[PDB]
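To keep things clear, I will list the structure first and then write my remarks on it.
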Amino acid sequence: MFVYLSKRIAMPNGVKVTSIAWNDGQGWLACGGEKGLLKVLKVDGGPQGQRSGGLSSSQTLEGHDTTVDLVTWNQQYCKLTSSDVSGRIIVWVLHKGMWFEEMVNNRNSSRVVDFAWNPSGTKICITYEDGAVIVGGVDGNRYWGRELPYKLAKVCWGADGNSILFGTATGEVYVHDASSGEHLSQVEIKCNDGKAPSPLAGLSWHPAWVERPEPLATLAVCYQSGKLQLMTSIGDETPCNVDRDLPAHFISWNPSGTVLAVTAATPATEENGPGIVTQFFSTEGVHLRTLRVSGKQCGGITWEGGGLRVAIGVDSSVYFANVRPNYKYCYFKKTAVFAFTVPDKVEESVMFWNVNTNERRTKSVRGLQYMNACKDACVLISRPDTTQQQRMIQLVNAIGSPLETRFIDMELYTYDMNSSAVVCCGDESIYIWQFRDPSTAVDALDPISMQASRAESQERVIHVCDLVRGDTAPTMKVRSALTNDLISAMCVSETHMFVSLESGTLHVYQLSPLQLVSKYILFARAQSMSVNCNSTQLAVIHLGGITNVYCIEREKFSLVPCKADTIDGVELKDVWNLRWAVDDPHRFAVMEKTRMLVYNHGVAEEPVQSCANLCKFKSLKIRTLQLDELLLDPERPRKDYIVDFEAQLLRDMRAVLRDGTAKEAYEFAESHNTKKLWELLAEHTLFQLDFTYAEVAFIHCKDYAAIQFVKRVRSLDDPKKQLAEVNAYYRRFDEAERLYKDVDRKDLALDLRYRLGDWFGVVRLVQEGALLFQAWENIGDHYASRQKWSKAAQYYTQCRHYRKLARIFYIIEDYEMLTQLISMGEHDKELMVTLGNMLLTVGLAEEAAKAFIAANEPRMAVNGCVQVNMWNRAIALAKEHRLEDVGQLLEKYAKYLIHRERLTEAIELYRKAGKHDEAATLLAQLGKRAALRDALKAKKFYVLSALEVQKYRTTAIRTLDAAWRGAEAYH
Amino acid sequence: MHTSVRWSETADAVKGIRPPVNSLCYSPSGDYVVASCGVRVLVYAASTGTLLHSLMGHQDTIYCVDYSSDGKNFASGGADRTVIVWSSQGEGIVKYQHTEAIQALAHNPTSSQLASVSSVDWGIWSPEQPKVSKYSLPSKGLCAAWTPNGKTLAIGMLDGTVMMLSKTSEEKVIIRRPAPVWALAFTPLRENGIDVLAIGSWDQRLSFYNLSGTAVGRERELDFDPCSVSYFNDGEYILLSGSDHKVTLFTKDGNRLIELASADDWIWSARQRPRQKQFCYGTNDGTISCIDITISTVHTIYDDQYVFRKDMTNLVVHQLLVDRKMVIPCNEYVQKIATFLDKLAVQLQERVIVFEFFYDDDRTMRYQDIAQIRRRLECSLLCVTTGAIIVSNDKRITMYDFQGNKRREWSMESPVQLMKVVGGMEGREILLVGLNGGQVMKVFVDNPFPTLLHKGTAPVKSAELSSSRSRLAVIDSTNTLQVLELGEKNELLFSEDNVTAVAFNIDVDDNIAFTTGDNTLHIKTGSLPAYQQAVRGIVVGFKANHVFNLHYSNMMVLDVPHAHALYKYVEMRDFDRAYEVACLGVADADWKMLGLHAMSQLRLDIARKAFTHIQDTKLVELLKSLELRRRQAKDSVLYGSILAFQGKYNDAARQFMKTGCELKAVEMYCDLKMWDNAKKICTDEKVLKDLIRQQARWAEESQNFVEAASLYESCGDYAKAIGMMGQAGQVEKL
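Residue numbers (full-length UniProt numbering), protein chains in the order written: chain A, 1 to 769, 774 to 961, 985 to 998; chain B, 1 to 632, 675 to 776.
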């Protein structure tokens, strides 16, 4: 994040400020000052009051006598609480822009130390130096009070809202219950040595992650020494303690919980002199940025409600330091990508947005740390586990489908990419992943995605100290040769790689092959770096906020550390964003403070007032995106957050076109000769049908397809149709269709709407006076590919595509309708076999057999009935279709019942089928097997065999007596 | 629930008697496992099971051993009527004897003092207070329990009465029990300020009383007499022991969940190692066994939905594509869950519940109880349907209805290992069964005869039927995966080695996800090679544009790169399937690459369809310029033309002269207006003259007439040369 001073406001009478509090609800900032001074400003946090820092309202308040020292807010009810040195506590209620006093209290015995609101905003904690603690309601009803034996120095509300943390003058931290007030626990402290008691400067817990699987380090316990310790729970034994040399005075969490700000007051002891210095840490204690203001004493610090501005009370004034958080985002291929944090998720959600179609694709990425883009690819570096130091590098396309992945086991700090490789850097090691062949040019036929997937990826790890040439083989060892100077910034060009060290040394490597081809020296370390389109120039943001452009020449490459030539005319301070033109090595946009300074050949331009983060600079156009408020509602991005700006040249060309001759535009283009000018000239001449003035512009643009297009419209002989084709040529079909309606030549308008692919438009044009079914089928195909089964089924029914209908019904288990399409497919063949095979897999054998009858093959119907074991249905199906092969089927059924030893089912089948002699024989087969051990059932078997052969006589209208002989054998 | 035996130690029998581990306690460090084995004190290492310390000194068996909550020192006492304080190394500083043999040691959790229980009075011993102030008691105490605050000490008694003498208030709270109190527990979690004092009374009753003695919750009836109490997982669950010779897990309200570990006899005391998932217990035979309770996760997945069990009593339901969470409290243990469509089945100890969820007009997912079966049944596999529940054990398949009634059964030749419901019409549903003989079959609810799918050699431990139900994946006991195109002949599409899990695509016909043994997920589409991800966990689902994956307790969604298969389809000129693969969502550059390769390979049909995704007319304008040429060698110009439109022209000219189409290249260079390149390629002097006269005509209006006059002179048309030259102004050569 970048912090730059934007405004200083001096309160009246020059009285030192001692208490500052900002309200999230409406932007009411509060200020306290000596001799009973209370002031309330209203600053508009919207874009009207963002660029200009609009101080909308002011109001002085009275009711305090001594120095106002404790001020706090309540956002839900927009209430204020104030105190003073005397001990007078006043709660203030807004009413028509007037702050009414609501209650005045004074213990008259002890000094009130701090306030504390619950995150719900319904309870207030009031502490005193003697240890007196009072808890009151939002209305003001007293809940309970306690008198702890020791003395209290700070207070904070627990994030859960059921507990309250207290700090002591000694430095001890005690967690108590919000209701009972009895001492629940004591928080361990590891940052402090524990030698002697020390006061604590800050104590705050940000409740933005109360619902979360893995809690972040929203707690903060920092002492007057400067030891900052971050904790994720009441008693976490792994505090993310990061120390700073400066001694803390006050701390403040940002409203999103991401950043914690610490303030210090450096006296005049050192060479820098006195001043207020603010450091900014992330949730992991990572030092983000430092801001220094000239001053002597600090009164306090607060954050804006939107978290984009910090009010700091210095001496007798306040400073509105603008804060630009390091938003992870990228833009490529008419697609904006960024990231955001859901409150209840450990992971971070990455959103992809094709702003030309407003289609949103959401990816879940755990521990995302960096992202970037180039050509038609994006790269995300993530930390899947914070415990173990492994970074995952992932290469995705525009929609978000991953293509490559690598894992590195070493701690990484800086990252970048180019069209052929991904480069990362730690303290002293540089990892390079060349996933592409740099010799091959990324083209439309062979994009970067195919070259990343198909081609072999070679990966290298090199150190900074060692000189590298093409002779050295690639290696993978993590060399830890301890150099005193470490890497600070890094950047990558198409052909060269640039490294800066904290000493000030800069190294220029080649990439293909990797050779350390040059060295340079700098004024100091580089906070950030950038490189022009053809590596001619370079931009560096230094530690001191001074940004410079350095000119680098290939013939100037010498291994001896030499001075770098600096391009004149560019010298800026507190720049927080940067881009370069894709086509112009000299033009580059820069966001400095609260405005944008477009450059061209080292000279500046008129500062355009803007606050949007910069995305892309291509063809004299600057596309950028307001990420300050888009991150307030990331789930529903809106196209109005994309803003297009033009440079001086493009605006001048537009003004020339608006009132001027085409010859003036032609001489403008011949004077400047950039591609966008020729394109714009040709486009305008097409729009006003200046046919003869566009081929010259296109051929200076060198566009063969546009030459063929204007040739085709020259062949066209119509004052109207040529204009219609021009409107179609520039994505303006909405009036091109009307132009076609003007001469009612729908034979071309329908063709245009079909080639566009707007099948809704195709239907909406064909309903009004065969292709209608085609458009319906295309719509149904789109819905099916979108996995929207209901509307796909509707459009398939409308277009009568029964096979896709069967697919939909099979997926949604609508078998009752699936068993109906047999009625509507008689004149075509494959459908019956298809849905019958579908039905037998489900097991609906009867309707499948009906379809097979409609398919004119009940043989495989009977085979499927056997497969589903509908033998009773199979025999009937074979009989009604004269399938005389019923003997084999009955034999299979008999063998199956023999294997399942169901003699009862077999004999019932035989007696219903009227089979007598071999049925009796098969009964006797088990009859003798029963007879060989216990034959009192065998005689019964023979008896009913004789009964069966007797019933054969009635069924009719050697073996005649042999059956009776067998029956009487066991009489 | 899985139970892991980290290590076991059994005391050797002495004079024919096995000494009992009467009590045991855990050090605050947790490394020292301290137990009172008869007379001896055994301090083991929980990480190794090594006897770190063997402490003697006592005269007889000790019923109480305590470790102080700070861990710096401890005290030992028992039936010898002596209490001795020992340091960290077990060095005795002061030895003192009491008038009564003690049976319960009670150190303050918030200070270094200790409570001594005698036959008539209870006293306080402190290192700073050698005198023991013994306040009289009605009789001999039994067991003493401390609150986490350390301000209240509950004292046991034979008659079940737990009396209190509050230091500040003269009011006394005594709670009556009908059975002797052997062990009472104060919870470490204070829910809303209340205290849950758990009493296990040997009349098969479990009770909860606060500091006021009022009954908290419902008193439960056990199957055993509780002997030891110890809270588990920060007071979430309570450990019990009794006649079942097992240590058993119970809820906060007293519901029995599951026995955690089994013993051979009465268990004296079981303690959980703090901050670890390990616990120890002491038995009468001297057998102590450290148990790592490895957490077993039960999960059911149907399409987008996902369920698991949290808190061992609650069923948590998660919707992933809409990301909607819901919790169903049941207050009882569940070890087998099932789901299908909107219906879900939960099996308790003796209770089976069926849940349903509805897409109401309020746009909220709620659960209601529709079917409830009170029977106790032991089954290996469970499957719910819209028609009936199916339980399976060994080889019997009992299809109970909504209210405990048999419907159908099968008896396979070998026991079944998997039970899944692929689907079908209600009452005609399909049930996939794979038995240990390598056979997988389609059991139908209506038909009592399984349908023959596949017979394999090795036992089938997991298998799956396609969304179209025309292909079947199956792994073996050797972890070899096979995919069969089912039918009258099960044709093997392919096989793979060392596959942990497999899944088929629910919405697309042929997409299969594997988890190989090296934790490398694989994704296959048709005959293409498998895209790899190298992600931990196994695949448990496969939708159209998502791949689900589960690792331990984490459940996450992958993403399906359709462009990855699109590249390979383009490489082998397999463009028909490439269009359908790309239709599931690919980037704009992918669509452009598809269209360009299609028009390079003369397949304009998919080229037309692929271009309606790009919003770039500067390529789609090309298509209309082809049909008129196609109506009336000839096809080579289509190959040659496209390279110029990309942005490079030399390659186009090279193709033009490869196919011999020189005149078209001359026309292209004439339209590109750089005439030197046309001079390179020109072959006929008539073409050269036409090119140079077109150049002269261009230079006529190109605002450079001095060269135009020379060009027109080179044309040979002298009249035009004079007419153009007359505007130049070079009178000298004029």
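Cβ atoms here follow ideal geometry from the backbone N, Cα and C, with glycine treated the same way.
Check whether the Cβ atoms of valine 242/A and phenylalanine 281/A lie closer than 8 Å to each other. Result yes, Cβ atoms of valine 242/A and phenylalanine 281/A sit closer than 8 Å.
Sequence-distant residues of its chain with Cβ nearer than 6 Å to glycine 847/A (five each side left out): If we look at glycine 847/A and ignore the five residues flanking it on each side, its Cβ neighbours are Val872.
Leaving out the 5 sequence neighbours to the left and right, which residues in its chain are closer than 8 Å to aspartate 568/A when beta-carbon positions are compared? Taking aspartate 568/A as the centre and dropping the five residues before and after it, the same chain places the C-beta of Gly602 closer than 8 Å to its C-beta, in chain order.
Along chain B, in chain order, which residues have C-beta atoms closer than 7 Å to that of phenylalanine 709/A? Within 7 Å Cβ-Cβ: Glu621.
Note down the Cα distance separating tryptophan 86/B from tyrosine 237/B, rounded to an integer number of angstroms. Straight-line measurement puts the Cα of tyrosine 237/B at about 32 Å from the Cα of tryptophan 86/B.
Inter-residue Cα distance where the pair is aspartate 69/A and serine 317/A: The alpha-carbon atoms of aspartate 69/A and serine 317/A are separated by roughly 15 Å.
Just checking: is the beta-carbon of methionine 163/B within a distance shorter than 8 Å of some beta-carbon in chain A? No, its Cβ sits nowhere closer than 8 Å to a Cβ of chain A.
Please name the residue in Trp209/A, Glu211/A, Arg212/A, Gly202/A whose C-alpha comes closest to that of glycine 226/A. Nearest Cα to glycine 226/A within the set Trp209/A, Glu211/A, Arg212/A, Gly202/A: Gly202/A.
Check the Cβ-Cβ distances between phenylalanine 74/B and every residue of chain A, and say whether any is below 8 Å. The beta carbon of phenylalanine 74/B does not come within 8 Å of any beta carbon belonging to chain A, so the residue lies off that interface.
Leaving aside the five residues before and after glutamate 605/A along the sequence, list all residues of the same chain whose C-beta is less than 8 Å from its C-beta, in chain order. Taken in chain order, the residues that qualify are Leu597, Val598, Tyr599, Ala647, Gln648.
At 3 residues or longer, what runs of the beta strand (DSSP E) sit wholly inside the segment 301-387 of chain A? Complete beta strand (DSSP E) runs here, min 3: 309-314, 317-324, 329-332, 335-340, 348-354, 359-365, 368-374, 377-382.
Are the C-beta of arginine 573/B and some C-beta of chain C separated by less than 8 Å? The chain labelled as chain C is not found among the protein chains of the depicted structure, namely A and B.
May I have the straight-line CA-CA distance separating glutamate 214/A from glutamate 851/A, to the nearest angstrom? Roughly 55 Å between the two C-alpha positions.
Classify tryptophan 117/A: buried if its beta carbon has 16 or more other beta carbons within 10 angstroms, exposed otherwise. It is buried - the Cβ of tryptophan 117/A has at least 16 other Cβ atoms within 10 Å.
Across which residues does DSSP place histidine 463/A in a beta bridge pair? DSSP lists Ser429/A as the bridge partner or partners of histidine 463/A.
Among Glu861/A, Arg764/A, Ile902/A, which has the Cα closest to the Cα of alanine 882/A? Distances from the CA of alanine 882/A to each of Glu861/A, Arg764/A, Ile902/A were compared; the closest alpha carbon is that of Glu861/A.
In this structure, how does DSSP classify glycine 200/B when only helix, strand and coil are distinguished? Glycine 200/B: strand per DSSP, three-state reduction.
Spatially closest choice to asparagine 519/B from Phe402/B, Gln532/B, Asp507/B, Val508/B, by CA coordinates: Nearest C-alpha to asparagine 519/B: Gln532/B.
Within the 8 Å Cβ cut-off, does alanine 444/A reach chain B? Yes, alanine 444/A counts as interfacial toward chain B.
In angstroms with no decimal places, state the Cα-to-Cα distance between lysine 675/A and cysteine 701/A. A straight line joining the alpha-carbon of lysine 675/A with that of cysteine 701/A spans about 5 Å.
Give me the subset of the segment 394-406 of chain A whose CB atoms are less than 9 Å from a CB atom of chain B, sorted by chain position. Closer than 9 Å at the C-beta level to chain B, one finds these residues of the segment 394-406 of chain A: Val396, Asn397, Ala398, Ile399, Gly400, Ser401, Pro402, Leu403, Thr405.
Quick one: is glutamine 533/B near chain A, going by C-beta distance under 8 Å? So yes, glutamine 533/B belongs to the interface.
Could you check what DSSP says for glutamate 670/A in three-state terms: helix, strand or coil? Three-state result, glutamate 670/A: helix.
Just curious, the alpha helix (DSSP H) that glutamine 929/A is in, first and last residue? Element bounds for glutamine 929/A: 921-935.
Less than 8 Å between the CB atoms is what I'm expecting for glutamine 368/B and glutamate 356/B, so what's the real figure, rounded? The Cβ separation is near 6 Å, so the contact holds.
Our contact map puts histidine 318/B next to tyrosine 302/B with C-beta atoms below 8 Å; I'd like the distance itself, whole angstroms only. Contact flag wrong, Cβ pair sits at about 12 Å.
Measure from the C-beta of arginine 212/A to each C-beta in chain B and report whether the shortest distance is under 8 Å. Not one chain B Cβ lies under 8 Å of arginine 212/A.
Exposed unless 16 or more other CB atoms sit within 10 angstroms - verdict on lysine 15/B: Counting Cβ neighbours within 10 Å, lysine 15/B comes out exposed, since fewer than 16 surround it.
Please return the same chain residues whose Cβ sits closer than 6 Å to the Cβ of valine 540/B, not counting the five positions on each side in sequence. The residues are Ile301, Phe548, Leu550.
Check distances from the C-beta atoms of the segment 364-384 of chain A to those of chain B and list, in chain order, the residues that come in under 9 Å. So the close ones are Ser364, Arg366, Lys375, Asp376, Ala377.
When you compare only the Cα positions, how much space is there between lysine 795/A and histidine 805/A? Taking C-alpha positions only, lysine 795/A is separated from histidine 805/A by approximately 14 Å.
Proximal chain B residues relative to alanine 705/A, where beta-carbon distance stays under 9 Å: Among the residues of chain B, those whose CB is under 9 Å from the CB of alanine 705/A are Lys618, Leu619, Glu621, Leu622, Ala686, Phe687, following chain order.
Coarse secondary structure for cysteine 757/B, derived from DSSP in three states: Three-state DSSP puts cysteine 757/B in a helix.
Beta-carbon spacing of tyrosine 150/A, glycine 137/A below 8 Å: Not closer than 8 Å, so no.
For the beta strand (DSSP E) containing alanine 604/A, name the first residue and the last one. Where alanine 604/A is concerned, there is no enclosing beta strand (DSSP E), because DSSP gives it neither an H nor an E.
Is there a Cβ of chain A sitting closer than 8 Å to that of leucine 260/B, yes or no? By this cut-off, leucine 260/B is not an interface position.
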